[PDB]
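Take a look at the structure set out below.
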There are 6 protein chains.
Amino acid sequence: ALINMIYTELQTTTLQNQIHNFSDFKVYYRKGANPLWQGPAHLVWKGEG
Amino acid sequence: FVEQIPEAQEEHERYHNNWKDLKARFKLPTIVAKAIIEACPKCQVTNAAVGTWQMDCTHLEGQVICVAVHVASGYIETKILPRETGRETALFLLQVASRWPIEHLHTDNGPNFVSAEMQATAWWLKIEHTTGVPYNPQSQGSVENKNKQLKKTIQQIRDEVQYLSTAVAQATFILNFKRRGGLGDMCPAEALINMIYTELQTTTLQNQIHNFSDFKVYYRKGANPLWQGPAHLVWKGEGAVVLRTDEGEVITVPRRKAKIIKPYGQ
Amino acid sequence: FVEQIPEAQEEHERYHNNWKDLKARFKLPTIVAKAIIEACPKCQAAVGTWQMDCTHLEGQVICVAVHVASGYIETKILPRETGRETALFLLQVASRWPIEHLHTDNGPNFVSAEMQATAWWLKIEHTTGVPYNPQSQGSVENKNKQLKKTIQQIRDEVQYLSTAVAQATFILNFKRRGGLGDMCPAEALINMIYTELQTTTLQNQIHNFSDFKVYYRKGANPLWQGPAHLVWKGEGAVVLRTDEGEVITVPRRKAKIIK
Amino acid sequence: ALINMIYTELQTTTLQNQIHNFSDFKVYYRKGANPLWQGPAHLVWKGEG
Amino acid sequence: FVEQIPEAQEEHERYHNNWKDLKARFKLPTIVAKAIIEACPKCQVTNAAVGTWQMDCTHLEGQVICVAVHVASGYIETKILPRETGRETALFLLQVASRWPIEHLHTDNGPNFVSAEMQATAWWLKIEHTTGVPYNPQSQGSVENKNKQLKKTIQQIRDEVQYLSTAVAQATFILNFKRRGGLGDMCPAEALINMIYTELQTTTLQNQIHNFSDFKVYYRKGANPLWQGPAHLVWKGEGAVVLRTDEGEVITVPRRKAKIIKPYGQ
Amino acid sequence: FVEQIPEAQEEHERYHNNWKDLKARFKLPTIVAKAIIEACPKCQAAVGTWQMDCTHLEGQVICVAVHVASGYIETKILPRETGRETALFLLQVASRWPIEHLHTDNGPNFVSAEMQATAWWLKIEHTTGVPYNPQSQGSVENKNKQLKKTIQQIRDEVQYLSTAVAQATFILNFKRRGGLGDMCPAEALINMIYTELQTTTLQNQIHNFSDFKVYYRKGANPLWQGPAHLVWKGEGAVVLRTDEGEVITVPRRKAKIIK
RNA sequence: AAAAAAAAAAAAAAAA
RNA sequence: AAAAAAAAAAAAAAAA
RNA sequence: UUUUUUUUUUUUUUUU
RNA sequence: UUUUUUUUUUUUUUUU
Ligand SMILES: [Zn+2]
Ligand SMILES: [Zn+2]
Ligand SMILES: [Zn+2]
Ligand SMILES: [Zn+2]
């Protein structure tokens with residue numbers, strides 16, 4: 001179990017660092033109470049909610 | 001920048017660069033670079049797909065030189081064929097395809113470019129072998145210019161090198177790495193590497209998504225000590241992780257309450 | 001990297017890292033890493049490291065050059081095990097990918113004058129014998145074993161040995177995926193080359209700092225201190241090292257440089 | 001002349017510091033090449049150009 | 001917060017505050033503050049304009065107490081009138097108007113609130129003296145509540161104070177500064193100061209604009225060494241100044257190239 | 001104000017400023033300024049400072065209280081020059097505006113027991129004699145002269161002296177504008193009171209830090225250092241002073257507090 | 001779709 | 001109104 | 001595990 | 001005063 005956790009941590013870190021400057025479907029978001037739009041930012045997951 | 005004047009000259013003794021490369025490397029003004037270029041007695045002054053290559057053959061000193069030229073960037077590769085036959089051309093195509101991704105080959109209608117060996121080799125790699133006049137004359141002009149420049153570099157270099165193959169290899173090195181090009185001020189090899197890396201962005205994203213679709217995460221929500229899961233992993237951060245449960249909800253869990261496991265099964 | 005210069009130095013105080021590791025972890029220029037490693041009295045896998053070795057199969061000599069950091073391989077059937085043929089192979093390899101370091105065993109062909117002349121012409125650091133890097137001591141042997149293993153799977157439906165060698169090299173380079181990233185050797189090599197190209201474009205090299213002397217105002221002391229050697233001249237700040245061995249970044253307004 | 005310059009510097013500093021958190025006609029602006037709107041910011045001067 | 005329990009009690013010995021003030025000052029919870037308030041034997045548990053004031057008179061121990069109450073905030077002022085007459089009321093109105101801005105006075109229809117002295121005093125200060133039932137009953141209710149609270153505080157304090165005037169002054173101080181109010185949890189004096197400061201924002205802006213319309217600035221544009229101007233000043237910054245020339249252009253000039261002068265003439 | 005604590009200290013090393021000046025310039029809390037001045041071996045205009053004085057006119061005594069920092073004045077006709085009347089006037093003044101410091105000459109009425117009792121009841125730091133502040137030594141005399149000057153312009157069209165005094169006070173407070181800002185005394189006083197109220201609301205006072213001991217980790221030394229007195233406890237960082245006399249702000253993660 | 005009020009959930013900082 | 005190219009003006013940083 | 005400050009979400013009610 | 005990097009403005013031309 002310990003070996004599995006260490007290996008999966010290493011693999012997740014490597015895979016996340018593999019893609020850092022490119023994505024698809026750049027989007028704009030509104031953060032907090034500020035009505036001003038912000039971005040563009042990379043899209044990680046698009047969901048119904 | 002006068003202190004760089006001697007050393008740069010020494011470089012022009014070994015690699016016969018152009019003024020653009022010297023200016024970009026030693027941060028020299030254009031006028032002095034052109035003067036340095038002219039001081040040497042042996043010196044004067046497309047939008048195809050990523051996987052498009054052309055092939056050609058030339059005769060020099062009773063030897064056959066086969067040249068494969070990238071169309072978009074200008075990267076070239078040269079070989080000394082023993083005898084002009086379909087087998088040698090097929091072997092050279094196989095050797096070239098074992099180093100760079102080839103998806104479309106253009107060539108003339110010569111006798112050795114139509115033999116059964118050529119067809120078998122092109123079918124093994126699953127590439128489109130086109131014979132005839134290219135659709136865009138710009139590619140043909142660029143290939144002819146590359147061949148002429150290669151011949152000029154052989155003429156410049158052969159005096160210092162005893163054997164033809166070594167001179168051809170040195171000329172290929174000089175053309176690929178020393179002399180710069182047009183837009184972007186990049187060497188042909190650098191441009192080819194940049195284009196290939198840019199083309200390989202979607203596949204890595206798809207592979208990352210497919211791999212992330214495998215990890216499982218067990219999370220603790222609120223003050224309830226009982227663990228929950230398993231759930232699909234969406235992203236793992238330094239402070240907190242973002243998960244997508246089987247019901248479609250998106251949940252942010254602190255790092256101290258999430259455990260990520262990749263099972264040996266499946 | 002104003003806040004990175006001290007902390008990185010602290011690392012060299014504890015674990016005694018190398019300058020290459022310092023560049024890899026802290027994204028620092030080579031000059032500041034060299035200054036840091038030279039400051040310490042105790043001290044006195046890259047993108048351009050290759051390893052070349054020969055092998056025999058069916059009475060034919062095959063020379064293989066392997067990139068240690070990615071696993072990319074290149075093979076050539078040498079007519080004879082002579083210095084000229086191996087030097088020509090090295091020249092051909094150097095004309096495609098950037099080579100900055102070559103390592104090979106102590107064989108007679110790798111010691112001949114042709115290899116030395118080619119290495120001098122290409123400006124390549126060539127070493128022989130025991131590898132200085134603790135790791136990568138058996139990557140080439142494993143690659144040779146793998147190539148020999150995959151050659152047999154295709155030798156049946158193939159006439160000439162050269163075609164089989166080319167097919168095996170193509171399959172090894174492109175049709176097999178590794179671990180810890182899931183990338184074939186060609187993709188990993190291209191990614192590493194692209195990253196190194198971006199870093200070197202940012203660096204622009206061409207330092208020639210020589211032994212320029214620097215007087216600096218440290219803390220609230222108004223009197224000039226030093227003199228200290230110049231390490232890095234930047235528009236926003238200058239990085240210097242003192243005779244004691246401390247690396248300090250100071251703003252330009254409190255730094256007087258004498259040639 | 002020196003006394004006049006010193007006095008006018010002091011008066012400008014004091015008058016500017018008097019008003020620092022209120023104004024009229026808050027405006028939105030676009031800075032540089034970024035098309036995203038920004039603000040709101042206090043209006044100091046409105047002109048034709 | 002038990003260490004604050006004794007000291008706070010000592011405060012309630014001198015100033016008879018309420019639980020809100022003790023909670024806001026000593027950061028005590030509501031329950032313990034209410035307990036402290038109940039422990040004392042002598043203790044139990046509008047949108048008008050900024051310049052709106054009301055006046056009233058009360059009789060206590062054979063003395064006349066005149067009370068002026070702010071409507072919006074609840075700030076009060078008290079005086080001991082020697083004899084109930086129009087002259088004394090006019091003098092008290094003048095004294096109140098010499099400390100705070102008064103723009104509208106609401107009073108009753110009494111005999112001493114209609115004498116010629118009151119009319120002359122209200123005309124001198126240019127204020128609107130309204131006599132009769134106020135339009136909003138909330139203001140009248142608040143004034144009556146303030147008067148009742150003043151009477152209660154005077155009754156609480158009189159045991160420890162010899163003379164009536166000192167007791168009235170102490171009660172006024174306690175009402176104005178000690179006991180807190182409603183929205184915002186502020187004392188009446190703090191609320192009045194905040195409202196007055198908020199109301200005085202446009203006038204300061206206009207005065208600043210008028211004063212800035214006087215300074216002159218001489219500026220140097222580009223590499224031309226000849227000075228230029230004079231021009232109107234728009235803003236002065238730590239790094240650069242922004243000027244508006246007579247032709248309407250807006251120019252940013254570095255501080256080293258601008259000289260600001262305010263002439264003695266005009 | 002992490003970066004403001006050292007620099008401000010440097011000021012006290014050079015010009016030996018006061019803690020009030022430190023608060024005015026660096027916007028620092030009173031406790032840290034007191035710690036800074038106490039740490040120096042050499043060392044051992046506000047919103048609530050008033051000055052009260054009496055005068056005579058037409059056989060009537062007029063008492064005037066002046067705010068030194070703005071010029072706001074308040075006048076009252078005292079029936080007699082007794083201690084009780086002046087104490088009542090001070091109590092009335094203190095019930096309208098916040099008073100934290102009262103200064104007056106050495107007159108017999110200002111020394112009587114009634115004034116002391118009133119000052120004790122109101123918790124006012126009452127001082128007499130030579131003013132400790134170098135300036136403001138003649139503001140009250142100038143204000144008295146100005147009041148006597150302006151009362152004559154209105155005494156003609158007025159019957160009773162009290163009405164003239166009230167009108168003169170109103171004219172001086174509201175109908176005359178000063179210099180260096182162009183603000184009448186009432187506006188300046190209100191602005192100063194508002195700014196002080198905002199600052200005190202931000203401060204919230206209630207420190208009671210006592211003599212709690214603090215062990216701190218400074219620089220890269222792993223061993224505990226101290227013990228040092230506690231100056232300010234903040235969520236993000238803690239400000240402490242050492243026995244040597246150095247004020248340092250450290251993050252909470254490297255601070256251990258013993259009561 | 002925006003504002004206000006009441007209730008519920010999670011996270012960060014702080015004291016124990 | 002947006003993109004690209006050529007020319008002109010100002011400011012900041014750096015060397016002299 | 002308990003309590004304060006801040007931030008991000010869900011439900012109900014009152015208006016536009 | 002001269003030369004490089006970056007930023008902010010004005011004019012002309014080619015398309016949408
Ligand atoms: Zn040449
Ligand atoms: Zn070391
Ligand atoms: Zn009580
Ligand atoms: Zn001192």
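In the structure tokens, the first chain shown is A, the next is B, and so on; residue numbers restart at 1 for each chain, and ligands run from 1 in the order shown.
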
- stretch 13-255 of chain B: residues DSSP assigns to strand (DSSP E), reported as a ChimeraX atom specification: /B:52-60,63-70,76-81,104-107,128-131,216-219,228-236,240-244,250-254

Mind fitting chain A to chain D by least squares on all Cα atoms in order and giving back the moved coordinates as an mmCIF file with N, CA, C and O atoms, in the first residue's frame?
data_model
loop_
_atom_site.group_PDB
_atom_site.id
_atom_site.type_symbol
_atom_site.label_atom_id
_atom_site.label_comp_id
_atom_site.auth_asym_id
_atom_site.auth_seq_id
_atom_site.Cartn_x
_atom_site.Cartn_y
_atom_site.Cartn_z
ATOM 1 N N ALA A 1 11.458 83.062 -5.064
ATOM 2 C CA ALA A 1 11.095 81.956 -5.941
ATOM 3 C C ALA A 1 11.211 80.618 -5.223
ATOM 4 O O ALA A 1 10.327 79.762 -5.347
ATOM 5 N N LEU A 2 12.291 80.418 -4.467
ATOM 6 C CA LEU A 2 12.460 79.167 -3.734
ATOM 7 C C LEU A 2 11.365 78.987 -2.691
ATOM 8 O O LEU A 2 10.803 77.891 -2.546
ATOM 9 N N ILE A 3 11.045 80.057 -1.957
ATOM 10 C CA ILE A 3 9.977 79.979 -0.966
ATOM 11 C C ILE A 3 8.650 79.651 -1.640
ATOM 12 O O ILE A 3 7.858 78.846 -1.132
ATOM 13 N N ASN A 4 8.395 80.257 -2.802
ATOM 14 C CA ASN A 4 7.159 79.993 -3.530
ATOM 15 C C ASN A 4 7.072 78.537 -3.971
ATOM 16 O O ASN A 4 6.015 77.907 -3.848
ATOM 17 N N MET A 5 8.172 77.983 -4.492
ATOM 18 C CA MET A 5 8.157 76.582 -4.906
ATOM 19 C C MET A 5 7.914 75.655 -3.722
ATOM 20 O O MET A 5 7.125 74.707 -3.820
ATOM 21 N N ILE A 6 8.574 75.914 -2.591
ATOM 22 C CA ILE A 6 8.384 75.054 -1.425
ATOM 23 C C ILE A 6 6.939 75.124 -0.942
ATOM 24 O O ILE A 6 6.308 74.095 -0.653
ATOM 25 N N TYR A 7 6.387 76.338 -0.857
ATOM 26 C CA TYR A 7 5.018 76.491 -0.378
ATOM 27 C C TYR A 7 4.023 75.822 -1.313
ATOM 28 O O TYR A 7 3.077 75.169 -0.856
ATOM 29 N N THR A 8 4.202 75.979 -2.628
ATOM 30 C CA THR A 8 3.253 75.367 -3.549
ATOM 31 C C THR A 8 3.371 73.849 -3.545
ATOM 32 O O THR A 8 2.358 73.157 -3.690
ATOM 33 N N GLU A 9 4.577 73.309 -3.345
ATOM 34 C CA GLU A 9 4.714 71.862 -3.203
ATOM 35 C C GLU A 9 3.967 71.364 -1.971
ATOM 36 O O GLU A 9 3.226 70.373 -2.032
ATOM 37 N N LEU A 10 4.138 72.057 -0.840
ATOM 38 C CA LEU A 10 3.440 71.653 0.376
ATOM 39 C C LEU A 10 1.929 71.727 0.196
ATOM 40 O O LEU A 10 1.201 70.811 0.602
ATOM 41 N N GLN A 11 1.440 72.807 -0.419
ATOM 42 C CA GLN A 11 0.001 72.964 -0.589
ATOM 43 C C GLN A 11 -0.569 71.916 -1.534
ATOM 44 O O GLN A 11 -1.654 71.381 -1.285
ATOM 45 N N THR A 12 0.135 71.612 -2.631
ATOM 46 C CA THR A 12 -0.354 70.581 -3.539
ATOM 47 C C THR A 12 -0.407 69.227 -2.849
ATOM 48 O O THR A 12 -1.389 68.488 -2.994
ATOM 49 N N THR A 13 0.631 68.888 -2.078
ATOM 50 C CA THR A 13 0.622 67.613 -1.367
ATOM 51 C C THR A 13 -0.542 67.543 -0.383
ATOM 52 O O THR A 13 -1.264 66.539 -0.326
ATOM 53 N N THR A 14 -0.754 68.615 0.385
ATOM 54 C CA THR A 14 -1.829 68.614 1.376
ATOM 55 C C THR A 14 -3.197 68.509 0.708
ATOM 56 O O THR A 14 -4.050 67.721 1.134
ATOM 57 N N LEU A 15 -3.419 69.289 -0.352
ATOM 58 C CA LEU A 15 -4.712 69.271 -1.027
ATOM 59 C C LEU A 15 -4.982 67.918 -1.670
ATOM 60 O O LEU A 15 -6.118 67.432 -1.652
ATOM 61 N N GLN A 16 -3.955 67.296 -2.252
ATOM 62 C CA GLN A 16 -4.142 65.976 -2.842
ATOM 63 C C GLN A 16 -4.434 64.930 -1.775
ATOM 64 O O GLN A 16 -5.271 64.045 -1.982
ATOM 65 N N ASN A 17 -3.754 65.008 -0.628
ATOM 66 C CA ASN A 17 -4.027 64.063 0.447
ATOM 67 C C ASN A 17 -5.377 64.307 1.106
ATOM 68 O O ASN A 17 -5.896 63.409 1.776
ATOM 69 N N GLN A 18 -5.951 65.503 0.938
ATOM 70 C CA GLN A 18 -7.252 65.787 1.538
ATOM 71 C C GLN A 18 -8.339 64.886 0.966
ATOM 72 O O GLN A 18 -9.184 64.374 1.710
ATOM 73 N N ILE A 19 -8.339 64.680 -0.347
ATOM 74 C CA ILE A 19 -9.310 63.818 -1.012
ATOM 75 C C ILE A 19 -8.571 62.585 -1.521
ATOM 76 O O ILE A 19 -7.708 62.673 -2.403
ATOM 77 N N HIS A 20 -8.880 61.430 -0.936
ATOM 78 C CA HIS A 20 -8.238 60.190 -1.346
ATOM 79 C C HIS A 20 -9.181 59.004 -1.449
ATOM 80 O O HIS A 20 -8.787 57.987 -2.029
ATOM 81 N N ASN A 21 -10.402 59.085 -0.918
ATOM 82 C CA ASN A 21 -11.301 57.940 -0.883
ATOM 83 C C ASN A 21 -12.668 58.237 -1.485
ATOM 84 O O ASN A 21 -13.565 57.390 -1.396
ATOM 85 N N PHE A 22 -12.859 59.407 -2.091
ATOM 86 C CA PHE A 22 -14.151 59.744 -2.666
ATOM 87 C C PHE A 22 -13.956 60.651 -3.872
ATOM 88 O O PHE A 22 -13.005 61.433 -3.935
ATOM 89 N N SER A 23 -14.875 60.532 -4.823
ATOM 90 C CA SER A 23 -14.884 61.340 -6.034
ATOM 91 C C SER A 23 -16.275 61.240 -6.649
ATOM 92 O O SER A 23 -17.212 60.731 -6.024
ATOM 93 N N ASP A 24 -16.413 61.725 -7.879
ATOM 94 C CA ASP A 24 -17.667 61.650 -8.610
ATOM 95 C C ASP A 24 -17.426 61.003 -9.964
ATOM 96 O O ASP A 24 -16.323 61.075 -10.516
ATOM 97 N N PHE A 25 -18.472 60.367 -10.494
ATOM 98 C CA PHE A 25 -18.449 59.738 -11.814
ATOM 99 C C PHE A 25 -17.354 58.668 -11.898
ATOM 100 O O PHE A 25 -16.356 58.810 -12.602
ATOM 101 N N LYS A 26 -17.558 57.602 -11.127
ATOM 102 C CA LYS A 26 -16.708 56.426 -11.256
ATOM 103 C C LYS A 26 -16.792 55.875 -12.675
ATOM 104 O O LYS A 26 -17.870 55.812 -13.269
ATOM 105 N N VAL A 27 -15.643 55.478 -13.225
ATOM 106 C CA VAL A 27 -15.560 55.049 -14.615
ATOM 107 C C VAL A 27 -14.829 53.717 -14.707
ATOM 108 O O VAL A 27 -14.154 53.280 -13.772
ATOM 109 N N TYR A 28 -14.979 53.072 -15.862
ATOM 110 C CA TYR A 28 -14.251 51.860 -16.206
ATOM 111 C C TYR A 28 -13.292 52.140 -17.356
ATOM 112 O O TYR A 28 -13.589 52.935 -18.252
ATOM 113 N N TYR A 29 -12.138 51.479 -17.327
ATOM 114 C CA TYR A 29 -11.091 51.719 -18.309
ATOM 115 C C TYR A 29 -10.504 50.398 -18.781
ATOM 116 O O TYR A 29 -10.567 49.385 -18.080
ATOM 117 N N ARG A 30 -9.934 50.422 -19.984
ATOM 118 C CA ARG A 30 -9.210 49.290 -20.550
ATOM 119 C C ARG A 30 -7.740 49.673 -20.668
ATOM 120 O O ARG A 30 -7.407 50.666 -21.324
ATOM 121 N N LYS A 31 -6.870 48.886 -20.045
ATOM 122 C CA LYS A 31 -5.447 49.187 -19.969
ATOM 123 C C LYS A 31 -4.670 48.270 -20.902
ATOM 124 O O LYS A 31 -4.864 47.049 -20.880
ATOM 125 N N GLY A 32 -3.790 48.860 -21.710
ATOM 126 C CA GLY A 32 -2.950 48.081 -22.598
ATOM 127 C C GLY A 32 -3.748 47.361 -23.673
ATOM 128 O O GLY A 32 -4.775 47.843 -24.159
ATOM 129 N N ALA A 33 -3.256 46.185 -24.050
ATOM 130 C CA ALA A 33 -3.895 45.362 -25.066
ATOM 131 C C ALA A 33 -4.942 44.415 -24.494
ATOM 132 O O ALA A 33 -5.612 43.719 -25.264
ATOM 133 N N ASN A 34 -5.100 44.373 -23.179
ATOM 134 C CA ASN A 34 -6.086 43.489 -22.568
ATOM 135 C C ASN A 34 -7.487 44.032 -22.816
ATOM 136 O O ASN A 34 -7.789 45.155 -22.394
ATOM 137 N N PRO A 35 -8.368 43.285 -23.487
ATOM 138 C CA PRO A 35 -9.722 43.793 -23.746
ATOM 139 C C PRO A 35 -10.648 43.742 -22.542
ATOM 140 O O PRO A 35 -11.759 44.287 -22.618
ATOM 141 N N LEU A 36 -10.239 43.110 -21.445
ATOM 142 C CA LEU A 36 -11.096 43.013 -20.272
ATOM 143 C C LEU A 36 -11.225 44.371 -19.594
ATOM 144 O O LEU A 36 -10.233 45.082 -19.408
ATOM 145 N N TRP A 37 -12.451 44.729 -19.225
ATOM 146 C CA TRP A 37 -12.689 45.977 -18.515
ATOM 147 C C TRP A 37 -12.126 45.904 -17.100
ATOM 148 O O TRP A 37 -11.996 44.827 -16.513
ATOM 149 N N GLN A 38 -11.789 47.070 -16.554
ATOM 150 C CA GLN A 38 -11.221 47.163 -15.218
ATOM 151 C C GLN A 38 -11.835 48.351 -14.492
ATOM 152 O O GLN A 38 -12.365 49.277 -15.109
ATOM 153 N N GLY A 39 -11.759 48.310 -13.165
ATOM 154 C CA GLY A 39 -12.247 49.390 -12.343
ATOM 155 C C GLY A 39 -13.168 48.916 -11.239
ATOM 156 O O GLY A 39 -13.138 47.751 -10.831
ATOM 157 N N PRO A 40 -14.013 49.821 -10.727
ATOM 158 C CA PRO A 40 -14.143 51.237 -11.094
ATOM 159 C C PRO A 40 -13.035 52.096 -10.491
ATOM 160 O O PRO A 40 -12.453 51.739 -9.471
ATOM 161 N N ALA A 41 -12.726 53.234 -11.106
ATOM 162 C CA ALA A 41 -11.684 54.126 -10.625
ATOM 163 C C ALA A 41 -12.222 55.545 -10.543
ATOM 164 O O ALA A 41 -13.163 55.912 -11.252
ATOM 165 N N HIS A 42 -11.616 56.341 -9.666
ATOM 166 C CA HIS A 42 -12.033 57.725 -9.494
ATOM 167 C C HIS A 42 -11.699 58.543 -10.734
ATOM 168 O O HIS A 42 -10.663 58.341 -11.372
ATOM 169 N N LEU A 43 -12.585 59.475 -11.071
ATOM 170 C CA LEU A 43 -12.395 60.343 -12.225
ATOM 171 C C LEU A 43 -11.705 61.626 -11.780
ATOM 172 O O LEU A 43 -12.226 62.353 -10.926
ATOM 173 N N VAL A 44 -10.542 61.903 -12.357
ATOM 174 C CA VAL A 44 -9.805 63.130 -12.082
ATOM 175 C C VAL A 44 -10.105 64.200 -13.120
ATOM 176 O O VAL A 44 -10.408 65.342 -12.776
ATOM 177 N N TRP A 45 -10.032 63.847 -14.402
ATOM 178 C CA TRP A 45 -10.304 64.821 -15.454
ATOM 179 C C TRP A 45 -10.945 64.127 -16.643
ATOM 180 O O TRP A 45 -10.470 63.075 -17.078
ATOM 181 N N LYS A 46 -12.013 64.721 -17.167
ATOM 182 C CA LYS A 46 -12.693 64.230 -18.359
ATOM 183 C C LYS A 46 -12.464 65.225 -19.489
ATOM 184 O O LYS A 46 -12.796 66.408 -19.355
ATOM 185 N N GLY A 47 -11.897 64.744 -20.599
ATOM 186 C CA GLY A 47 -11.569 65.599 -21.716
ATOM 187 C C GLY A 47 -12.053 65.005 -23.026
ATOM 188 O O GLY A 47 -12.405 63.827 -23.111
ATOM 189 N N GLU A 48 -12.066 65.858 -24.055
ATOM 190 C CA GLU A 48 -12.519 65.423 -25.372
ATOM 191 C C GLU A 48 -11.591 64.367 -25.959
ATOM 192 O O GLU A 48 -12.053 63.387 -26.556
ATOM 193 N N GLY A 49 -10.283 64.544 -25.797
ATOM 194 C CA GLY A 49 -9.322 63.634 -26.386
ATOM 195 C C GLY A 49 -8.937 62.472 -25.493
ATOM 196 O O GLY A 49 -8.784 61.342 -25.967
#

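Between atom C1' of residue H:8 and atom CA of residue E:244 the separation is 22.8 Å.
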
- Task: Record the distance separating atom CA of residue F:194 and atom CA of residue E:196, expressed in Å with one decimal.
- Result: 9.7 Å

- Could I get the residue neighbourhood of ligand 3 at 8 Å, counting only C-alpha atoms (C1' of nucleotides) and all ligand atoms, as JSON, numbers by chain? {"E": [12, 13, 15, 16, 17, 18, 37, 38, 39, 40, 41, 42, 43, 44, 156]}

Output N, CA and C atoms for every residue in the selection just made, as a JSON list (two decimals), in the first residue's frame.
[["chain", "number", "residue", "atom", "x", "y", "z"],
["E", 12, "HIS", "N", -18.68, 50.34, 35.51],
["E", 12, "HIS", "CA", -20.10, 50.51, 35.78],
["E", 12, "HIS", "C", -20.34, 51.22, 37.10],
["E", 13, "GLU", "N", -19.33, 51.29, 37.97],
["E", 13, "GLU", "CA", -19.47, 52.08, 39.19],
["E", 13, "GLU", "C", -19.52, 53.57, 38.89],
["E", 15, "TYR", "N", -19.58, 55.21, 35.28],
["E", 15, "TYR", "CA", -20.48, 55.46, 34.17],
["E", 15, "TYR", "C", -21.45, 54.30, 34.04],
["E", 16, "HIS", "N", -22.75, 54.58, 34.17],
["E", 16, "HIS", "CA", -23.78, 53.55, 34.09],
["E", 16, "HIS", "C", -24.07, 53.25, 32.63],
["E", 17, "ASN", "N", -23.23, 52.40, 32.05],
["E", 17, "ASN", "CA", -23.38, 52.02, 30.65],
["E", 17, "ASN", "C", -24.47, 50.97, 30.50],
["E", 18, "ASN", "N", -24.66, 50.50, 29.27],
["E", 18, "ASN", "CA", -25.54, 49.38, 28.97],
["E", 18, "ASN", "C", -24.72, 48.19, 28.50],
["E", 37, "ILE", "N", -25.12, 44.10, 33.95],
["E", 37, "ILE", "CA", -26.09, 45.19, 33.97],
["E", 37, "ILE", "C", -27.15, 44.94, 35.04],
["E", 38, "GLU", "N", -27.65, 43.71, 35.12],
["E", 38, "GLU", "CA", -28.69, 43.39, 36.10],
["E", 38, "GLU", "C", -28.16, 43.43, 37.52],
["E", 39, "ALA", "N", -26.86, 43.18, 37.71],
["E", 39, "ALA", "CA", -26.28, 43.21, 39.05],
["E", 39, "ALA", "C", -26.34, 44.59, 39.68],
["E", 40, "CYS", "N", -26.42, 45.65, 38.88],
["E", 40, "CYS", "CA", -26.51, 47.00, 39.42],
["E", 40, "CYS", "C", -27.93, 47.26, 39.92],
["E", 41, "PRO", "N", -28.10, 47.66, 41.18],
["E", 41, "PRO", "CA", -29.46, 47.95, 41.68],
["E", 41, "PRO", "C", -30.15, 49.06, 40.92],
["E", 42, "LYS", "N", -29.42, 50.09, 40.49],
["E", 42, "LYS", "CA", -30.00, 51.21, 39.76],
["E", 42, "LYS", "C", -29.88, 51.01, 38.25],
["E", 43, "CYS", "N", -30.34, 49.87, 37.75],
["E", 43, "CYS", "CA", -30.24, 49.57, 36.33],
["E", 43, "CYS", "C", -31.23, 48.47, 35.98],
["E", 44, "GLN", "N", -31.81, 48.57, 34.78],
["E", 44, "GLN", "CA", -32.73, 47.57, 34.26],
["E", 44, "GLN", "C", -32.24, 47.13, 32.88],
["E", 156, "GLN", "N", -30.46, 58.53, 38.29],
["E", 156, "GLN", "CA", -29.43, 57.57, 38.68],
["E", 156, "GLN", "C", -28.19, 58.27, 39.23]]
